[PDB]
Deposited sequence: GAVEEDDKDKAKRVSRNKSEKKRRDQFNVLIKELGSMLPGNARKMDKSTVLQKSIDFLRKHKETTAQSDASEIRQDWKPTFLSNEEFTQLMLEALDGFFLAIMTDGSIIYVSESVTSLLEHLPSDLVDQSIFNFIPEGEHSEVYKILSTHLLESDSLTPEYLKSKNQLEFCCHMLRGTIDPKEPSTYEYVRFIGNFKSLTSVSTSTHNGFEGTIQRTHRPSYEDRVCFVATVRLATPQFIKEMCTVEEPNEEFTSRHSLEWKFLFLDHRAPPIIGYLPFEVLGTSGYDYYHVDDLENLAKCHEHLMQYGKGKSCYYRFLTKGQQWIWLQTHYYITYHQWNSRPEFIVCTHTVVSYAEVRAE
C-alpha cells in the first residue's frame, strides 16, 4: 500500500512539474515543489500589483461558471475572441463573430486578417503585430507583463447574405496580448464600437429544437406549446391574441406574406427561412411547416397549425 501511495505521489509531482515553465524539465520532487510554490506566489504577487485594477475586482459570482460568464460578458460587450499569428494568419475566432460580423468561423480561420481590414489600414496594423517581440521569464506569465498588453482600433469587413451590397465595415477595438506557442501570436477580445442591441442567434446549441403554435385566420396566436418558452422566452399568455407579424424581421415580412398566400391557396406549405424576435431581443432563424385545419362538419378553415424548426446561420446562408 505504501508503494501505491508513493507511485500516485510521484505521478502528481510529475504532472505538477510538466506544467512548470522554462527550458529545463526538473524531475526532483523537492525541486518541483519549490518551483511550484514559487510560481503560485509570483502569481498572487503579480495579480496583486497589476496595472489594470479591473483584474482584481469582484466580477463573477461563485455559482457562475467561467464558460457562462464569458458568453455573457462577450454578448454584453459586443465582443468575440480572435487569435492571429504575427504573420496575420487567423488561428482562432469565437462563435459569436457570426452574430457580430456575419462571418462563419471557417471564413476566418486559416485566412489573413488583412483580407478583412481596409488596405489603407494595413501597414499600421502590420506594425502593431510585427513590431512587438518580447522574451518572457519562466517565472512570470507573458500575459501579466504590461509590455505584452496592447489595444488598437481598426475597421473590419462585415460578412453578408447577399453579395450585392457594397463592402461595409465595423469599427472595432482589439484588447489583447502577445503570447508564445509550442511561433508568436496576438490574442484579443475584439469589441465593436457601435453597440449591437439586437442580433441573430447563429448556432443551434441544442442538436435540434422545435416548437408548435396555432394561428387564427387573422394570423393571431391561438396556441403556443410548452416547448416554445425555452426557445423564444415568451409564455403563452404573453403572445396569445397578438399578430404573428409583430415578431418577424422587417426584411422577411414580404416573403412571409407570399408564403402565407401560397398557404391560403393550397392548405399546406413550408416557409422560407426567417427571423423571429425572442423575448430576450435576439433574432432566431426559423423554418416553419404549416397546414390549415378545416372544421369537421362545415369544412371552413378554422386555424393554422405551425411547426417551427430552429435553424443555424450556416444553413440559412448556405441556401
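Exercise. Which regions of the deposited sequence are unaccounted for in the modelled residues, listed N- to C-terminal?
Worked result: The deposited sequence has unmodelled segments at 1-18, 201-224.
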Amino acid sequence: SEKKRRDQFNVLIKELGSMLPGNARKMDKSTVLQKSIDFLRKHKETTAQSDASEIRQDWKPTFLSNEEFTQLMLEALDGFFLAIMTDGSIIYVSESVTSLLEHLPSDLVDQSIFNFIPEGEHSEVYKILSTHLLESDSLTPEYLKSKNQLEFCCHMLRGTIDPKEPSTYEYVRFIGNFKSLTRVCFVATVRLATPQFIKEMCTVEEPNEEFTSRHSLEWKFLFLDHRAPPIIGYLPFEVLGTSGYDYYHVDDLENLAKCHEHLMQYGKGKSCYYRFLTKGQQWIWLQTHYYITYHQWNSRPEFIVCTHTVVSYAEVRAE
From here on, numbers count along this sequence of modelled residues.
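Exercise. Can you tell me which stretch has the higher mean Cα B-factor, 126-134 or 226-234?
Worked result: Per the PDB record, 126-134.
Problem set entry | Of 53-61 and 267-275, the stretch whose C-alpha atoms average the higher B-factor in the entry | According to the entry, 53-61 carries the higher average C-alpha B-factor.
Exercise. From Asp246, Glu218, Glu170, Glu165, can you pick the one with the highest C-alpha B factor in the entry?
Worked result: Of the candidates given, the C-alpha B-factor peaks at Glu165.
For this session: Please work out which residue in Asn208, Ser112, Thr189, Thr212 has the highest C-alpha B-factor recorded for this crystal structure.
Result: The listed residue with the largest C-alpha B-factor is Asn208.
Problem set entry | Record-listed C-alpha B factor of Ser36: chain third | Middle third, going by the recorded CA B-factors of the chain.
For this session: Report the third (lowest, middle or highest) to which the CA temperature factor of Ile91 belongs, ranking only the modelled residues of the same chain.
Result: For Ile91, the deposited C-alpha B-factor lands in the middle third.
For this session: Among all modelled residues of this chain, ranked by Cα B factor, put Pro141 in the bottom, middle or top third, i.e. lowest, middle or highest.
Result: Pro141: CA B-factor falls in the highest third of its chain.
Exercise. Looking at the C-alpha B-factor of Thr182, is it in the lowest, middle or highest third of its chain?
Worked result: It falls in the top third of the chain.
For this session: Please place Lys29 in the lowest, middle or highest third of its chain by C-alpha B factor as given in the entry.
Result: Middle third of the chain for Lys29's C-alpha B-factor.
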